[PDB]
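Before any questions on binding or motion, here is one chain by itself as structure tokens, the form deposited in one PDB entry.
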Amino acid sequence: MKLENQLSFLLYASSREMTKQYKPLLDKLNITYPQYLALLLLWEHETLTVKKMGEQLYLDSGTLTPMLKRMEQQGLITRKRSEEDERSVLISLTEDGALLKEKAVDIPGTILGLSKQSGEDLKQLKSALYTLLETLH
């Protein structure tokens, strides 16, 4: 029952350690970590309701609103009450937010190399984590 033999703790700790590995690369784009993840969601789907936005990202309305608020100011996104259902809000990407992808494309390779983990070890780690994540859903 050692703390470090618990898979739940191992996932979370590694989570913290990996994240901090971004500050250096993201400080240049001004972006923070959560904003970076939201951006990866947006360069992929262009438009998303706020429900799904926090849904797949695990972010509470408390740390979701200030984030978008800053992105809007930066001109990375744009809100819009849904006309199909006023009860929801859509978040679209601006051509400024889309052109920002040009200089992020290399962040992944960099950080993956900064983790000192290489080869298929990372490919299997990821593969297993996705399966696990899919299972618990």
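Take the two forms, find the largest set of C-alpha atoms that superpose within 1.5 Å, and that set is the rigid core. In case it trips you up, residue 1 is the first one in the sequence shown, and so on.
- When the mean C-alpha temperature factors of 32 to 40 and 86 to 94 are read from the deposited coordinates, 86 to 94 comes out higher.
- When the mean C-alpha temperature factors of 107 to 115 and 60 to 68 are read from the deposited coordinates, 60 to 68 comes out higher.
- In the PDB entry, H45 places in the lowest third of its chain by CA B-factor.
Below, we refer to the form deposited in another entry, which is not included among the displayed structures.
- Superposed on the core, the two forms barely differ at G113: its CA moves less than 2 Å between the shown form and the other one.
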